[PDB]
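First comes one chain, alone, set out as C-alpha cells in the form solved without this ligand.
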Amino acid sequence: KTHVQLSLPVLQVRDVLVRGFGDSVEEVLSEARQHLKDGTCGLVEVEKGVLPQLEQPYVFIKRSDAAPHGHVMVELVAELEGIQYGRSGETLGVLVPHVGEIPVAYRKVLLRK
C-alpha cells in the first residue's frame, strides 16, 4: 500500500533515550522508515528548546494534505544544518526511536510509504 495507518506514541523530549536515527540525511530517513514499519518510532512535538535537545540530522513528519479515519496524511522531511531534504506542509513533530518510553498521547497518521 502507498499509505499505512500508524498511531505514533508522543514522547516528552527529556524522556527520550535515543535522540536520533543516525549520522546522515539518507541514514536518518532510512532508519525512520524502518522504525515506522516495525512499530518502534516515537514522535516529539516541536516547541522552543526541543530541537537543541535532539541529535541532527532531524526527521520531521509534515502534513502532506488537508484526514482519512482521523489519520493525518504525512510525509518525511530530514533537516541538517538548516537545509531540508523534501518539501511538505506543517510539522506535526520530530521522529525518534521508541525504546519503551511512556507516551503522553498518540498521533494518528497516514504515512506516505
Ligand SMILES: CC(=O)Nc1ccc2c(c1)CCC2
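We number the residues from 1 along the sequence you see.
Absent from the display: the form solved in complex with this ligand. The rest refers to it.
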item: Shown form pocket vs this ligand in the bound PDB entry, superposition, backbone/C-beta distance 2.4 Å; value: open
item: is_contact(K37, this ligand) in the bound PDB entry, heavy atom dist at most 4.5 Å; value: yes
item: Contact label in the bound PDB entry: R63 to this ligand, heavy atom within 4.5 Å; value: no
item: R33, heavy atom within 4.5 angstroms of this ligand in the bound PDB entry; value: yes
item: Heavy atom contacts to this ligand in the bound PDB entry at 4.5 Å, residues of 87-113 in sequence order; value: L111, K113
